[PDB]
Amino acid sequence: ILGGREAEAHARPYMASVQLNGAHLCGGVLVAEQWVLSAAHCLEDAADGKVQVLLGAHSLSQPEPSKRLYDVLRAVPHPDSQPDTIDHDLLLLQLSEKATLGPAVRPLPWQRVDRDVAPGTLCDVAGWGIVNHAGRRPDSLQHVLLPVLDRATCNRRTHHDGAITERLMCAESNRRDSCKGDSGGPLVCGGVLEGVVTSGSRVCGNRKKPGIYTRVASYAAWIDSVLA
């Protein structure tokens, strides 16, 4: 996250770190007792390595009582996703057992009503992604509050030039922004999961190039089918 602040520890008990060989790779969101939602392309370069999900964390490195690193039984990228597109950019990870729940580990309710938010709606995005142009990596979870940017503006030739389908949404990116390593993490509005940070490399913090997030409501049937 560019331009953000250190999150209150454990105040987002849904927040997950998706890891490859014990290193943070992507954000994710606990959406059911045994399932974490993330971004499709998070595991693009993984097959030779161990995929795990860290729940209950604030610091990536320090011991905390609620921190637990779960193994993954199965990874389910969206079957329509393709490398080098932004569409269908969702991933479901089934943990090796149900997560132990408590004040610091809890699933987030997620949006099933497929309608847009009001422009300007203030949403929260959190992550352990880079925090500056030099690529500095935070030990602890960061966050930013971002207004939603209307799709028409987001689609103009100067911005994302027609690439924002009805299945995607945008948030402003003026200095405050998601960036590398925040892929897969949650965009939360009104205490409900609305979006998932996209995987595609994209420039960070340029107001002219808004953040892109996959709308979870647009994929409710897929999520339900996999979860079941």
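Residue indices: 1-based, along the sequence shown. We call the rigid core the largest set of C-alpha positions that still match within 1.5 Å between the two forms.
Fill in: Larger mean CA deviation from the shown form in 7 other deposited structures of this protein [core fit; 197-205 vs 155-163]
After superposing on the rigid core, the more displaced stretch in 7 other deposited structures of this protein is 197-205.
(request) Look over 110-118 and 72-80 in the entry and identify the one with the greater average Cα temperature factor. (result) So the stretch with the higher mean C-alpha B-factor is 110-118.
**Report entry** 26-34 or 184-192, whichever carries the higher mean Cα B-factor
**Finding:** Higher of the two, by average CA B-factor, is 184-192.
Would you mind checking which of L101, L92, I86, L146 has the top Cα temperature factor in the PDB entry?
When the deposited C-alpha B-factors of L101, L92, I86, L146 are compared, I86 is largest.
Practice prompt. Specify which of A47, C42, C170, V53 carries the largest Cα B factor in the deposited PDB entry.
Written response: Result of the comparison over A47, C42, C170, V53: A47.
Is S17 in the lowest, middle or highest third of its chain when residues are ranked by C-alpha B-factor? For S17, whose C-alpha B-factor we compare with every modelled residue in the chain, the answer is the lowest third.
Exercise for review: Going by the recorded CA B-factors, say which third of the chain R215 sits in, lowest, middle or highest.
Suggested key: Its C-alpha B-factor, which the entry lists for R215, ranks in the lowest third among residues of this chain.
### Query
Going by what the PDB entry lists, where does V125 fall on CA B-factor within its chain: lowest, middle or highest third?
CA B-factor rank for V125: middle third.
_Ranking every modelled residue in this chain by its Cα temperature factor as given in the entry, which third contains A163?_
It belongs to the highest third of the chain when residues are ordered by C-alpha B-factor.
- Item | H58 - Cα temperature factor, lowest/middle/highest third of chain | Lowest third.
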